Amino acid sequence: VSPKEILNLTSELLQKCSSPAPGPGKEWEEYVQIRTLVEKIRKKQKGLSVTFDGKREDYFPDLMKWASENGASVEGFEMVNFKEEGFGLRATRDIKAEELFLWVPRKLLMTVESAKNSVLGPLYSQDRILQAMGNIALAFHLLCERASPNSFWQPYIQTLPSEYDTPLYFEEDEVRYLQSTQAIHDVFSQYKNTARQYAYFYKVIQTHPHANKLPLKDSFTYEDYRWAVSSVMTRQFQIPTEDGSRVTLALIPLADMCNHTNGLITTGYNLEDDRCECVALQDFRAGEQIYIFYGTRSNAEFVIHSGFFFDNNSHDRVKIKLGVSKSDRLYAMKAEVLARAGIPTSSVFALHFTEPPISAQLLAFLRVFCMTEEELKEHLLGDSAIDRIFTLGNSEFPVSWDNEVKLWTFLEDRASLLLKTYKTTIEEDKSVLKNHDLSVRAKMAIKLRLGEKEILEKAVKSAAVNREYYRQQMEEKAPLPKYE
């Protein structure tokens, strides 16, 4: 209730979130402790500092007029509140594939350059975090213009959602489903970074005279910063500058209203006309929702950064850390073979759900990881050594039948070993989704932890089929294919 009490709690939260990593075994304990301080501050504040009297659909007409006055397409689509994805665009006419149906000029966008020329300019030129973090600079740019009643982007800000499904909005028990998974660490870092950045910039705004002219000095609640960073991470683009020197982050009105579907990237930027463009990924009939393809991101990135779980994600993947140990007898040769192939000695690879399960780089690593001494010499010496390295990532030309049997045996054992590290099984996860009534945010976490295990289980079956196949070629002594 008192400004001095908030200054005390933010300074305590700043010191709590600035401490180093407490170790993987204590990250959940620190996460609950940080939530306790954040919720204590949030329950003492008044939510969003700037609220609007009308509903969200009431401001879309002003968004269409404001965009039309600056040369953006406003015909052929309408805003419809869909249940599955939220608000989106629906075609009012038939749209054929590869048809340019949406263009947004540069003037309508909110970029890092427009943040430097705004009221945040003076503080941007002095604060080191804003200069190095363009995403954070975009968030405060969105907050300052939101608190500016006469802002140029007011028709756009009044149409943004007031809440998101990022893990920052999850409850403690909803994040609890992600225990013993790979994704929960990124949820911990996201909550710790957001809590630290808010407490830091709250103290700077109240003390640094360069922020005295900012409207955030009158009111800057945690709900404002959680809404700001969530609006950025779920909607921001990476576009080139007006001259094409470097890249920059931007909020693109109208274009960021299309929801995600599987396909190819059809949203591009035209530098000659200085505008964002979107062509139809597929044929949209009148009355159908207009979808685009966001990117080849995994469901873990869609949940944490985009705020939704996408079923049938063709690019879903899990991480797997592999490396050659220095205690290996053949470490010197294996490190040299990998170095000549452009592959590190130890890295974090990926396991994909769709075929093939392993990429060309991971296959080349697993082959060298299981090579004998004779096979390592043939990749290091002679006139045909460079030719052998050139085909390490090709599944058609193996090193030997024995090399394939050993690499697929190792992958089947490693993927099965990672499956035993989760606190639940695949059958138990499917049982919860069927016999329990859950929220959307709870379903996102359970289907995320289930998706990790389904990718691991398919890798076990894929490695077992390959292991048994190359075992037959080894038992029958079949001739090895030669790349000619």
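Residues carry their position along the shown sequence, with the first being 1.
Looking at mean Cα B-factors across 332 to 340 and 110 to 118, the upper value is held by 110 to 118. For the two regions 16 to 24 and 456 to 464, the entry's Cα B-factors average higher over 16 to 24. When the C-alpha B factors of 218, 84, 186, 171 are read from the deposited coordinates, the top value falls at 218. Take 366, 271, 95, 350 and read off each C-alpha B-factor from the entry; 271 has the highest. The entry lists a Cα temperature factor for residue 213 that places it in the highest third of the chain's modelled residues. The PDB entry assigns residue 451 a C-alpha temperature factor belonging to the lowest third of its chain's modelled residues. Remark: residue 164 belongs to the lowest third of its chain, ranked by C-alpha B-factor as recorded. Among the modelled residues of its chain, residue 317 has a C-alpha B-factor that falls in the middle third according to the deposited record. Sort the chain's modelled residues by C-alpha temperature factor and residue 437 lands in the lowest third, per the entry.
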